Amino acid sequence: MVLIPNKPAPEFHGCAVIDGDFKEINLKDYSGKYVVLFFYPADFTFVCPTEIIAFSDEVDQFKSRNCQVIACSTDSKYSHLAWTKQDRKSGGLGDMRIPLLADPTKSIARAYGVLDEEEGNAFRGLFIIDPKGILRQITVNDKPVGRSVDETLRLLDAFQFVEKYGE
């Protein structure tokens, strides 16, 4: 919808696969932490399992900034689980260090305004949310083009800097 920074981010709950298990997560569960919520389309893709792997591999950098990264797509909780079990060599996902939140009702994606209604999957949206649950950053790419880990870290730094100071 009309998503705007400096307003409370739309709340979301759902089943996410974490370390090979189904756990229910809620945006409120991360109160006190920064949250990067990023959506992707399809799954076991011939290109770009790599983008998700990219963020997973640098998960250390996000834990460092007191930030929880959450990946999300319009697939079922079971599809996600399958992607983890598939190794990286096959077009799979290998080991995952960040939660895959499943959005099969498409409601979370439509809530963050990133749903391609014509095709039924999400755009490449990225959202940064405050420890108080306030939206700080909105990024949406056309489907072919992916996201930088460095850019997300740069933004996280800027926001956390302003949070401590402001100049």
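For every residue, the number given is its place in the sequence shown, counted from 1.
When 89-97 is weighed against 70-78, 89-97 comes out higher, by mean CA B-factor as recorded in the entry. Mean C-alpha B-factor is higher over 106-114 than over the other stretch, the pair under comparison being 106-114 and 122-130.
Take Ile25, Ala158, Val149, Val145 and read off each C-alpha B-factor from the entry; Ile25 has the highest. Out of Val36, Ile138, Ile52, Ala42, the entry records its largest CA B-factor for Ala42.
In the deposited entry, the Cα temperature factor of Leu153 places it in the lowest third of its chain's modelled residues.
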